[PDB]
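Have a look below at one chain only, the form deposited in one PDB entry, in structure tokens format.
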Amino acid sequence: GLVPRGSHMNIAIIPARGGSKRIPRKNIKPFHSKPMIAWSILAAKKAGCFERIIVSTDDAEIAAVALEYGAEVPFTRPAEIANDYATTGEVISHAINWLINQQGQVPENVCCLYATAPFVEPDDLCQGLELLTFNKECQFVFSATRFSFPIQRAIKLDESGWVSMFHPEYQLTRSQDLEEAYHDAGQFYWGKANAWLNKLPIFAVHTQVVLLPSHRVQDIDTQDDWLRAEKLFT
């Protein structure tokens, strides 16, 4: 863990908490015959732009699996309570301060990579760094994806199933004429260390995205989702 004199310290933090309600043991449940978190550690390792890849967990079993797959677990966070679910920003800040305070290493660019993100592309990770660093004023870069249907044409259902538009002014508007819309794909978030530390708001500062195609963005929120995403990963 020597580094070039003059190089910038770029790291991956992979948060993972125990306790997930919908899919028990979600972060270590097998996905295509590895614990789910393995795929994120593996992608971070293959990307080649990180000098450290750390799992931040509050759970000793998850810690064990992360070490098994070659991530660093330099600390274990104390178990969270349900009425105090730590935000991503709180976990990332914790890790950055811990590195500074406990190890005297000052991160510059910090990538939060989700534990459940098995279609993440090593290359998208590196593209995000490059966008973060090329644009001097950029504080964050996150994985995003296009909405597959125009948000302007969204409808709501009343309590009796009756349809109405959210925005009736677009009822007759040409599709070509609707402004393109995107959302957070929920896979990775690069930020400048000071951005995370200062709790800058990602969607309101100088933020860029790496755009992922729809097929690489997969919901894995239920057991039925986990099955369908396994069948597709093969």
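Whichever C-alpha set is largest while still superposing within 1.5 Å between the two forms counts as the rigid core. Numbering starts at 1 and follows the sequence shown.
Below, we turn to the form deposited in another entry, even though it does not appear here.
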With the two forms superposed on the core, which of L131, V73, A144, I151 shows a CA shift of 2 angstroms or more between this form and the one not shown? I151
Do you see a C-alpha shift of 2 Å or more at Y170 between this form and the one not shown, with the core held fixed? yes
Examine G161 after superposing the rigid core and state whether its CA is displaced by 2 Å or more between this form and the one not shown. yes
Inter-Cα distance between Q223 and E80 in that other deposited form, nearer or further [3 Å or more]: farther
With a C-alpha distance change of 3 Å or more, do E80 and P35 lie closer or farther in that other deposited form? farther
